[PDB]
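Here the structure is laid out as structure tokens; the discussion comes afterwards.
Labels below follow one simple rule: chain letters A, B, ... track the order of the sequence lines, proteins then strands, and each chain is numbered from 1.
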Number of protein chains: 4
Amino acid sequence: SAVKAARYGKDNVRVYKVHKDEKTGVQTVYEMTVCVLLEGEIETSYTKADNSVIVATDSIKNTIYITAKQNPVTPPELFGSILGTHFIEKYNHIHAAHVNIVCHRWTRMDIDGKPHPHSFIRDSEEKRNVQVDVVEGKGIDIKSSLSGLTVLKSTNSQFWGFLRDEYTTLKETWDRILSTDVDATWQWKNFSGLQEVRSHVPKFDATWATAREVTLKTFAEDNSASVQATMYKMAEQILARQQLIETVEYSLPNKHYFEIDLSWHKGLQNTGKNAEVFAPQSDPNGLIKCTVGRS
Amino acid sequence: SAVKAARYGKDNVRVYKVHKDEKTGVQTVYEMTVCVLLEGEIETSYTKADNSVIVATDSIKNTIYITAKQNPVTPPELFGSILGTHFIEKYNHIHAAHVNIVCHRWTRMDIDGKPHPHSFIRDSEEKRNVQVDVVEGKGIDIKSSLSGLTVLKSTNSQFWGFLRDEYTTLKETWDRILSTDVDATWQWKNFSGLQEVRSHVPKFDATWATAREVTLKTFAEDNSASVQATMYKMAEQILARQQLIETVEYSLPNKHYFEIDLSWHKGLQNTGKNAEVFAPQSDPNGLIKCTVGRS
Amino acid sequence: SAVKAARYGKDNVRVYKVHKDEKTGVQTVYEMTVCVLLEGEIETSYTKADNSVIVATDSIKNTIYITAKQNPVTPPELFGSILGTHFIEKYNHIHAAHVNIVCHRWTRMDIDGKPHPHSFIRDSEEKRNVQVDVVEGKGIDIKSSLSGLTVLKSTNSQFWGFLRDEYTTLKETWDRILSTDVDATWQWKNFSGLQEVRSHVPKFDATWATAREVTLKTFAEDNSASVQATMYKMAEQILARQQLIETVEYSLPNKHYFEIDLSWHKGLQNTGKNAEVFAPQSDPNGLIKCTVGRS
Amino acid sequence: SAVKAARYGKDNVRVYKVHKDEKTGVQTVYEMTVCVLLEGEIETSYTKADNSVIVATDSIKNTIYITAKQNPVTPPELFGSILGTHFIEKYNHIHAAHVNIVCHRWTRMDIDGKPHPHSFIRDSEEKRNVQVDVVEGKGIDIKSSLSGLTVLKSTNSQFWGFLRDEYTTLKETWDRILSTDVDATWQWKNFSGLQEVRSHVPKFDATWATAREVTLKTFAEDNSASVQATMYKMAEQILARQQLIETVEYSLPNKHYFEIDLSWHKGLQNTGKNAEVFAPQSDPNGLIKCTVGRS
Ligand SMILES: O=c1[nH]c(=O)c2nn[nH]c2[nH]1
Ligand SMILES: O=c1[nH]c(=O)c2nn[nH]c2[nH]1
Ligand SMILES: O=c1[nH]c(=O)c2nn[nH]c2[nH]1
Ligand SMILES: O=c1[nH]c(=O)c2nn[nH]c2[nH]1
Ligand SMILES: [Cl-]
Ligand SMILES: [Cl-]
Ligand SMILES: [Cl-]
Ligand SMILES: [Cl-]
Ligand code: NA
Ligand code: NA
Ligand code: NA
Ligand code: NA
């Protein structure tokens, strides 16, 4: 037997950081969940009980807190690059660090029309994430994403013209509900190291904002021929707006809302043009994925 | 053996309804999860296998859809009163209906600064709920609530002066983080029946809005001496603003964020006045409850 | 405004305890989640910011650990009685303690046919719970329960003879699947205090075992006319077997498995007597409740 | 812009199947959740709104039910191979099918010491899974797994000798609790097609059973030097026992149970040799992974 691949570390490390402007009194909070997995010359911990090569996962947890104390935690693309670089520079036998960060929303409260200096609201479960892989000699690969963005439009979605055979019961339609939970990932070009990541810092927040805006506008305005077609249009625009992105991936469930035929009850009309009451379906659901890159 | 209490019905009935203004093109969606449990002269279904007294739970599900087709679904206090009244009027041997409604957020999207006519976003997991108990001869009792409103303030929360004995390790503090998931319930005065509920329809949305506003402002502005003290002030204001409410109940977890002592590492200062990085605790949590009524 | 009711404490306190027999080498583990809420003369913490009446929730957490160190944690009915008695005896102004305990399964592993001395498996998510209310001057009220016991039978369940009207579409049936998650609660007669609870210690484990056995046998052997009828038979037997129980309550979802008509595809027969493939429904579900007591 | 990768299908398809022996009266149930994603020449559905290349996801759902009606659903490795082969053979432009199956436990009840003919219990949340990738011209790749197997041992776990530096606070230990949720995957050698899979049918259930047995025995009997070391020993044995497996992967969380120092309270001794009461930690957790293959 041989170890073909090994990685280990600390998952589900919850971190909060507060920034206090002494000038203005204004406080800003950041809350994340962090995962760090390491690889390197660690095979003997598995094969020979040799713990001397193990940086304890508890020590990894400590490091995350220390790094957050001494560095900015935003944008998470920078924080994660700093964190991963740390492990491969500090430990000679560690050659890769895999850092995943989930950012939780704490949005400043408006009270009486004015931004409150130190109160916040979790205004939805949408997340901003990063995956950062720091590999000794091979630079820094960053995948940024948004997830848990739940949307619905009540009309201007169509689905017709699909393949019909002896397994098909689905009726063509020119007017349906479309609802999904958006998972969108943009993959940056490889960066040579931390100096290069630092050089692009302003692009990370801006690109996140553009991706969200494009997603929302396109969903709302597209007279959609299918989930496939709509999602392609989203990906095409993001790539057009940020040249340092190599690929954009979307993964979208099609969360079905079914018509309910009530005609058995006193001839009540609740289908097609007369559909007002629908049954949301918890399962099953369509799942549609696409990765779009440059020609 | 005797049946001392019995109730039965359909839970987790998901319902969507759309309203279409043909004038303006504007669509509005409502999505709920509904539970209906019935009581009455049904003991023999349990004791004698006599199913003749059972209105099938499947029929209850059908009724919910039919009622939603033929009536307004908002405010949920009205919808639930209509639904419960239906069962006790229609079936001679059914004498109580217990209706629980959870309303899910579908907030109209702003695209380019303009309200979109038919696209929506789930802008958080906060819910608006109602519990309606319709009892033959005893009217309609309505409890309205908001839940899942998650908030945090980074300062202006204190906790000092509490009882100290040989079980106490907690240090007094003059500056801490306060974070909670708000569950707030207001109980209306008993209504004689549907005509009376209809007569008060405008008060339901207005009171929900006031309760939310009061909760948020009070949390943000109170230099809090304890969760207990802050929540009392919220309840006092709601009761003052709506005379048709008899009681207000709050149930608030105290979701702890712990300081992390980093002084073992190079003398790093991260406690008291120097606290910047904290560890959110998933469990355990304080749980603080209060019911406030009129003197 | 006046405080009509108030309670506060610590929820979600996870506790593990190990017992080591030095004779035999055999270890036994117990794992619980505990909630303790207190009531008494504490209104001024809410109304006047008077924290002097508050036993901090952190201190409540400490107490739970200390009590578990110094006392047996099984049966949970005894542990919870000891814990609640502590608070009302120790603090003059605390007059009620409400203790909820959820016991998690750690079942000893069989390796090579022999019981292992110190390895355990979580052999399902079924829980054994207790709710203990200790009220100064009014003794100790104990509700014991099992929950999360998920069962299914593939035949010998019928549902016919129910009320049919213009809201009914459900077809009568003589052969269906029946599946549920059992929640069963037995309420003990009031106990005068801790000495009395101690006097009945052997009955707690025995009654839990009987309730589970009766539930399982009755479900498996009853040619069920309805959930209502089957659950009544379970409750009747428990009450017959343990005289110190006053009431038994069951709450049972009816988790539907629907036939799938495949006849549109090449005349495939998959309904009634020919039903082999079914669609489990996640929602909605029937919910059936009964409380049975003594005549 | 170009489509670099695309896949789509139906997720969360819940399926139940019953087998009835008319001889003996004995019924056996199977319950799964199935996901099928397809790839092929479908780019134009995304880029040109050309739905003619789409086999509707609703039709995929129908197919799953039809296939389950006409074929055995066990072992899931066979069912998934049949299902995936179907799509690539039936549709000329579909060239890959990705089939994921989660099998849920329905274990026959023992009532009075005898196996019941048609009643079942969900005896834990452990799953048996398969991932089957059927690729036109490249055969059938099957990954089998077990997941959600939760275990704990109260002693005979050690962790000492690890790297200590200025980020390390963790104390070496010779006696700790070890608890994990086992996720174990075995990857079969590529199969040329369905005839070859059929030829190995008996090996699938047998290998699943061996993997579970080896996992459980090794966990219980190993005087563990680390999670890394213990998991390696599990993987080595599986590979030794089944030659048609190419790799074994384990992913194991280290779910921490912390000592609680109670010495501040009346000198109570609850650490090291005197540790009886521990605090289970919900987060963070160690995460340890290994892929082991043949030399
Ligand atoms: O947008 C859609 N894409 C699909 O592939 C599909 N299949 N069924 N319904 C569908 N709707
Ligand atoms: O606001 C608070 N109330 C309490 O009762 C308490 N106990 N510990 N900490 C606390 N904070
Ligand atoms: O056992 C049942 N009880 C009910 O009350 C019911 N209603 N529909 N189906 C049902 N099955
Ligand atoms: O078994 C373990 N492996 C590890 O890598 C580790 N790190 N901390 N604790 C640990 N325990
Ligand atoms: Cl779909
Ligand atoms: Cl608290
Ligand atoms: Cl039902
Ligand atoms: Cl670990
Ligand atoms: Na290195
Ligand atoms: Na009536
Ligand atoms: Na007292
Ligand atoms: Na093909």
side-chain contact (heavy atoms from CB on, under 4.5 Å) filter on D:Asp11, not counting sequence neighbours, yields A:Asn285, A:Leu287, D:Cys35
Rounded to the nearest 0.5 Å, what separation is found between the OG1 atom of D:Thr47 and the OH atom of A:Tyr232? 6.0 Å
Between chain D and each of A:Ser282, A:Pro253, A:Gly286, count heavy-atom pairs under 4.5 Å; write down the option with the most. A:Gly286
For a side-chain contact (heavy atoms from CB on, under 4.5 Å) check, start with the C-alpha distance between D:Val3 and A:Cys290, then their side-chain angles and the critical distance, and finish with the verdict. CA-CA 7 Å; D:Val3 178; A:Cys290 198; 4.1 Å; yes
Derivation and outcome, side-chain hydrogen bond (donor to acceptor under 3.5 Å, both in side chains), residues D:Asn62 and A:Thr168: CA-CA 7 Å; D:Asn62 292 336; A:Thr168 310; over 6 Å; no
Answer with side chain, backbone, both or neither: which region of D:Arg14 has an atom nearer than 4.5 Å to a non-hydrogen atom of chain A? side chain
Nearest atoms (heavy-atom pairs only) where D:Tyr46 meets A:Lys289: OH-O, 2.9 Å
Spacing of D:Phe159 atom CZ and A:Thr57 atom OG1 [to the nearest 0.5 Å]: 7.0 Å
Indicate the atoms forming the closest heavy-atom contact of A:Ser226 with D:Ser45, along with that distance. OG-O, 3.9 Å
Counting only non-hydrogen atoms closer than 4.5 Å, does D:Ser59 touch chain A with its backbone (N, CA, C, O), its side chain (CB onward), both, or neither? both
Nearest heavy-atom contact between A:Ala56 and D:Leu170 is CB-CD2, 3.9 Å
What part of A:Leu37 gets within 4.5 angstrom of chain D, counting heavy atoms only: side chain, backbone, both, or neither? side chain
Side chain to side chain donor-acceptor pair (under 3.5 Å) involving A:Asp261 - partner list, sequence neighbours excluded: A:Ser263
Let me confirm one number: the OG-CZ distance from D:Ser251 to A:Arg7, rounded to the nearest 0.5 Å. 10.5 Å
Pick one of side chain, backbone, both or neither for D:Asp165, based on which atoms fall under 4.5 Å of a heavy atom in chain A. side chain
Indicate the atoms forming the closest heavy-atom contact of A:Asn51 with D:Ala225, along with that distance. ND2-O, 3.1 Å
Reported CD-to-CD distance for the pair A:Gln228 and D:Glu43, which is rounded to 0.5 angstrom: 12.0 Å
Identify which part of D:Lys10 has an atom lying under 4.5 Å from any heavy atom of chain A, answering side chain, backbone, both or neither. both
Step by step, work out the side-chain contact (heavy atoms from CB on, under 4.5 Å) result for D:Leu163 and A:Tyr91. CA-CA 10 Å; D:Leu163 187 154; A:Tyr91 302 101; 4.0 Å; yes
Please walk me through it: do D:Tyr167 and A:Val55 pass side-chain contact (heavy atoms from CB on, under 4.5 Å)? CA-CA 9 Å; D:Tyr167 297 92; A:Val55 175; over 6 Å; no
